[PDB]
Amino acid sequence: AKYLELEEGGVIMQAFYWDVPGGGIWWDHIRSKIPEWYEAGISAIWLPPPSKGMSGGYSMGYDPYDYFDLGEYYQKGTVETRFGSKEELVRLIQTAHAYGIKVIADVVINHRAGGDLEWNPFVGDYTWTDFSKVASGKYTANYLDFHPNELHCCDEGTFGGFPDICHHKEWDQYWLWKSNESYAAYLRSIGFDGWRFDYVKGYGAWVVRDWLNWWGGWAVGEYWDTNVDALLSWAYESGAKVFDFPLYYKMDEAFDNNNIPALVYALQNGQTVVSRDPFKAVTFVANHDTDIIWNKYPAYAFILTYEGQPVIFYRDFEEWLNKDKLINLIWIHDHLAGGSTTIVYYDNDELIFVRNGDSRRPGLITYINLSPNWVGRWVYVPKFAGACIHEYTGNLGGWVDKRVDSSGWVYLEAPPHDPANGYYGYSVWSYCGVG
């Protein structure tokens, strides 16, 4: 990558959204963006589930049918998946690698879909559990591979009415990750570096732990819950990171309702994954399932200057927000945003905090303002005492430098929050001469 690598906490780009244009053009489209994302500082890309789904060309990949068909077998009415051909996917992955950008596979293994009808003796009725006809000829399955079966009636959870995979069966373990012929092996063989596990609340953390013991690589699990104890419990049991949904909902409460204290209190009370273990939290402002934060500028300013590992949503970067602002924040994240965090000030519409720096990043001062007016106030930041500080976003309208007195006091300023008029509501500062 250009700056920090994925394993170093680099910025991740979720390279899709719900219902992206079909026709098998997505892999090629994302490939065309790789050079631009490289220059922007992106360290890795998270791609949608790559396998042929039940809905064929209409599938977003979350209804996997033939795990080993990445768009090269004719079935479910199409050869390519909604995203493209296997060849196009491999080309995308290898192109990302050419630019030093890692690739994350979206692993959907709680359930399967598109199976044929067969008599299920455990249910006493017909179920869509016959996967004997998958065109790849790999990982066929039947009622013995789903719940209920002879081992138990169910596991941690189900997803709608889709057949629920029983990972306790050796056949399923072998085909998913526990062998050199597995789905994990296949994904790794074509270049996937890391993993994003879908609906992990639906099965045991032990599944992800064994998968990682076999293949390693960066990993995150999608555990949809606001209970931090549950998310972290899963994170430690699985050995993977978790998406910080608690932070997401708190940022909505705070930035969308002029109520920053709600966020600060959640952080201070360990009610976010990031404020408890920033090495386990994958932060985000929006994703393909939920997008409730309207005031995205202060939200991105926050996750790109605060602790944790941030993910930028495709639509925000490529379609909806001022791309230059996100490019600037990525630079700030990788060059200045390091160390512990000290909250300097906060009220309904203002948030000022300091990143104390680490071995590679000197630290910074973030000043978020939700009000439609210019704001300024004296702040006590002894870390920068007697130093020359520079504003690195340009949001004040130009080149701005300030001299912090020997005591640590300096008059900090932030622009109005009025994106409709070109004002973004935040300023970021650090030592002069960094870059």
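Numbering starts at 1 and runs along the sequence shown.
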- Message: Tell me which stretch has the larger mean Cα B-factor in this entry, 408-416 or 7-15.
- Response: 408-416
- Item | Comparing 218-226 with 305-313, the one whose average Cα B-factor in the PDB entry is higher | 218-226
- Task: Pick out which of 59, 371, 43, 51 has the highest C-alpha B-factor in the PDB entry.
- Result: 371
- Note on the structure: When the entry's CA B-factors for 135, 101, 123, 251 are compared, the highest one belongs to 123
- Chain-relative CA temperature factor third for residue 401: highest
- Would you mind checking where the Cα B-factor of residue 274 ranks among the modelled residues of its chain, as the lowest, middle or highest third? lowest
- Message: By the recorded C-alpha temperature factor, relative to the other modelled residues in its chain, which third is residue 34 in?
- Response: middle
- Note on the structure: Sorting the chain's modelled residues by C-alpha B-factor and splitting them into thirds places residue 244 in the lowest
- Task: Going by the recorded CA B-factors, say which third of the chain residue 297 sits in, lowest, middle or highest.
- Result: middle
